[PDB]
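Each remark here refers to the structure printed beneath this line.
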Amino acid sequence: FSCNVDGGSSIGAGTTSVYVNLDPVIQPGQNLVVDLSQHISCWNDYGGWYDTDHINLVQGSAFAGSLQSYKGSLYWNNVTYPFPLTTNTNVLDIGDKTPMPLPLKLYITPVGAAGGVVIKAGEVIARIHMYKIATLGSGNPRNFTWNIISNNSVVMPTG
Ligand SMILES: CC(=O)N[C@H]1[C@H](Oc2cccc(C(F)(F)F)c2-c2cccc(NS(C)(=O)=O)c2)O[C@H](CO)[C@H](O)[C@@H]1O
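Residue numbering for the sequence shown follows full-length UniProt numbering, beginning at 25 and increasing consecutively.
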């Protein structure tokens, strides 16, 4: 089982930065939609759904730093979850050698930030833990953490 970010090199476990461009200017009540399907893809290293990989996102996945006061929802594989995750998500099966974009979007609504900076350029905005286990033997379980990082400042000048 392997993943990559923005078509980069293979990732088999561990923590990886994922850089995203965000709507730079927003108003009170407006959300930010972070489509991570456009950035992270994973595949099965045998193909043919031999030793299918089973992946889900993990309880405890959360906003980072100042964003923990913000409201969040996480879309994963046809289901919406409150964010931060207080449970694990449903399981996605991965068996093809051709990468599958992760069916993952983060919806963010800033709270208590009106009149200033909402998100800083270069700041980790969320840490999303992903769990993999396959089918044969031990399943060789692996942990991934996706550190979502904003490429740019976001401001909410009004309110
Ligand atoms: C031991 C193991 O992980 N077996 C898993 C096995 O892993 C591999 C199978 C064939 C080739 C390789 C490779 F190393 F040549 F790539 C692997 C491998 C092995 C460690 C890591 C990774 N990911 S990477 C290259 O570090 O980014 C891939 O894939 C299964 C289906 O996805 C199952 O997922 C199997 O569990």
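In this text, a Cβ means the ideal position worked out from N, Cα and C, and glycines have one as well.
Can you give the beta carbon distance from residue i to residue j, rounded, assuming they're within the 8 angstroms contact cut?
i, j, result
"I149", "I118", "That belief does not hold up - the Cβ atoms of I149 and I118 are roughly 26 angstroms apart, past 8 angstroms."
"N101", "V82", "Between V82 and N101 the Cβ distance is about 14 angstroms, and since that is not below 8 angstroms, they are no contact."
"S174", "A137", "Incorrect: roughly 14 angstroms between the Cβ atoms, too far for contact."
"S85", "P48", "About 25 angstroms; that fails the 8 angstroms criterion."
"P106", "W67", "Rounded, the Cβ-Cβ distance is 29 angstroms, inconsistent with contact."
"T76", "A158", "7 angstroms"
"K129", "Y99", "4 angstroms"
From the options, pick the residue whose C-alpha is nearest to that of residue i; which is it?
i, options, result
"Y74", "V115, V103, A137 and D120", "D120"
"residue 191", "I79, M124, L130 and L126", "The requested residue 191 does not occur in the structure, where the chain is confined to residues 25 to 183."
"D59", "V29, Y155, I50 and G71", "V29"
"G140", "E147, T110, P52 and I152", "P52"
Give a yes or no on whether the C-beta atoms belonging to residue i and residue j are separated by under 8 angstroms.
i, j, result
"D69", "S26", "yes"
"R166", "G32", "no"
"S90", "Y131", "no"
"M180", "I50", "yes"
"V142", "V178", "yes"
Beta strand (DSSP E) segments (min. 3 residues) lying fully within the segment 28-62: If only complete runs of 3 or more residues are kept, the segment 28-62 shows the beta strand (DSSP E) at 38-44 and 56-59, in order along the chain.
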